[PDB]
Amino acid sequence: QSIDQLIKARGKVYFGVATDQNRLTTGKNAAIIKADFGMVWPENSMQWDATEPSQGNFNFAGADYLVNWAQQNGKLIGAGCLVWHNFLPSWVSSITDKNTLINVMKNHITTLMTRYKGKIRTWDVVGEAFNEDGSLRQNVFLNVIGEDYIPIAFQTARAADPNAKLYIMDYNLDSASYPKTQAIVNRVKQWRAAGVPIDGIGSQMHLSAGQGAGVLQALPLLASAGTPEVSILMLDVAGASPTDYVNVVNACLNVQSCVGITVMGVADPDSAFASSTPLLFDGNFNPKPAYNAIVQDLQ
């Protein structure tokens, strides 16, 4: 059974997975993604390191592979991350001039989104912008531009492709009492009140065991920021217990603006946290109990 088909039947948009050429050409990943998932994200090939390793010298082969594979197989596409501190070339983080960095950031945003204009459902424009206490994380953009880098990035993305849904995303948004969760809600509320085109909040749910239960309260709290959408991204759970995965699915069913869920990969040995076996398919590419529990919950 396909959890994408089943979650669509319940009124949601997709069940998705992060992947890339390295996985789509090995094992049973292509077959599983064709059968079970309705949306794909490039895990690495769209990041800044990969796409613009030298300023103005772009490298799109790997991202082109993913986009073309998705279109050929009828999958929705998410992509990112346009602006965050991860995968960031040192030629970007060493820039000290404000106007210089604004223009570099706008050009990176505009070039990537223009190349795939009309083909991308969701762009993660800004990622991991918050510290754990809810203050803004000090990356080169905050250091050099200031807090306006986030409005500027979304304004620029909206101008490049008005068809795409523009997300901010962060991790450790999984507990409704945690300071980082209420802070991103408070900030996104103000950005939207000021006309900034943030269409979504993406919760990067790299979860420890047992955290699924708290998502039932944290996800509606994120939705109270009033973005058109919220999404579950980078989902994995240490131990992969059905209890956690069913809790996460129930949370997205409970939140009307939650359009879908994206798991961080297909099979355990391809996880960056493989020793915690946190995904839905095992090392033989067979579905695990957590996969079956999601199927049964959605039926």
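From 1 onward, residues are counted along the sequence shown.
- Mean CA B-factor, 176 to 184 versus 78 to 86: the higher value falls on 176 to 184.
- Set 133 to 141 against 103 to 111 and average the Cα temperature factors; 133 to 141 ends up higher.
- Taking only the listed residues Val255, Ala70, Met234, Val246, the entry reports the highest CA temperature factor at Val255.
- Highest CA B-factor among the listed residues (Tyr65, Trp48, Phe58, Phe37): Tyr65.
- In this PDB entry, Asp268 carries a Cα temperature factor that places it within the middle third of its chain's modelled residues.
- When the modelled residues of the chain are ordered by their C-alpha B factor, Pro53 lands in the lowest third.
- Per-chain ranking of the deposited C-alpha B factor places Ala223 in the middle third.
- The PDB entry assigns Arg23 a C-alpha temperature factor belonging to the middle third of its chain's modelled residues.
- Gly200: CA B factor lies in the lowest third for its chain, per the PDB record.
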